[PDB]
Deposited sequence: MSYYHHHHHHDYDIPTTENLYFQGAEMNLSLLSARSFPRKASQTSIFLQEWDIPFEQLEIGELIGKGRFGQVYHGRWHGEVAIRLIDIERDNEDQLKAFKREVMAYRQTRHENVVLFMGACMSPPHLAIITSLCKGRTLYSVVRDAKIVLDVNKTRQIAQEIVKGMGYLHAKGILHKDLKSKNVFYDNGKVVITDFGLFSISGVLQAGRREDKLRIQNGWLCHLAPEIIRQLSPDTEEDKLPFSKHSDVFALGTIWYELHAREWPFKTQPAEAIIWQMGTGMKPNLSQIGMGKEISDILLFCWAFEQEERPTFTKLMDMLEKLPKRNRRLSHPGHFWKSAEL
């Protein structure tokens, strides 16, 4: 029923909490000092035994992770209603900001390189049987070539959807593979959507689009239009900006309508190697 900070392999004496780094839908995330760290505070029901042990399920898993392309998970302490996830602090900016910054050039060699980093991290997490469930450019950090994946697994315990009208954030729907898109309802619950390794590969496809177009797909369209277009399998390409066939074929594969036709992260890494 409890997770204390002495259960972890990071020797911890004191934890300072500094300013809030930013707003977000799942808890609050502050600067901290341990070196410097990022502290995400979460609120739970005093006795929601269901969700408390569900949460613990996930966090012991994270204790086994260590990989250069995944943010270093450092510890989690429980005391209801207050929970904390402590990770390493990312220097630099999110990939979201970098792509949308006009002063940074993002050539095709570099986009292939960034994409390859994200895939290595994702294949590691998959190899350890951990699904991300919220892969996206606001959850990737880039500092002069170092690329780190963050916030994996959180979505299960997230509650970012929370009468009879489902809340949809800009950017969310275009990362959701069709099998998921076809099941959203105002009764939908984060812990029961049919996420899979295949849905994670789909989400990487949206990032590849975003890397080259420097904007999300379906940028123009309202949510309902996006749901129908994506649910029936209509998808953009990159020919309108002169991207070659090879850079577009990865999208055809990652966004494939039937999941089993989408590649694992291992095969996808190979496909990215073979670009010019």
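- Taken in order along the deposited sequence, the stretches absent from the coordinates are 1-43, 78, 207-210, 325-342.
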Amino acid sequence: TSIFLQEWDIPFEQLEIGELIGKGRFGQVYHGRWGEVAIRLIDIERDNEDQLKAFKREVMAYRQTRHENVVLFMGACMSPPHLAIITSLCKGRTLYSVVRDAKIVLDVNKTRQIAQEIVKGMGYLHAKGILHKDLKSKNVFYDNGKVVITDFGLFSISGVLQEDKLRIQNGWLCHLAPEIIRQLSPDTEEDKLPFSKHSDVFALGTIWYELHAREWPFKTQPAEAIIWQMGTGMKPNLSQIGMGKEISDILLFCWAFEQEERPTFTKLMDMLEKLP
From here on, numbers count along this sequence of modelled residues.
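- Higher mean CA temperature factor between 177-185 and 77-85: 77-85, per the PDB entry.
- Across the two stretches, 209-217 and 40-48, the PDB entry reports the greater mean Cα temperature factor for 40-48.
- Reading the B-factor column for the CA atoms of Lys120, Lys136, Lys165, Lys128 in the entry, the top value corresponds to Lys165.
- The residue among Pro236, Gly244, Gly233, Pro222 whose C-alpha carries the highest B-factor in the deposited model is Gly244.
- Sorting the modelled residues of the chain by their CA temperature factor places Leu204 in the lowest third.
- Ranked against the other modelled residues of its chain, the C-alpha B-factor of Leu154 as given in the entry falls in the middle third.
- In the PDB entry, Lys91 places in the middle third of its chain by CA B-factor.
- Annotation for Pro194: C-alpha temperature factor in the middle third relative to the rest of the modelled chain, per the entry.
- Per the PDB record, residue ranking by Cα B-factor puts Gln229 in the lowest third of the chain.
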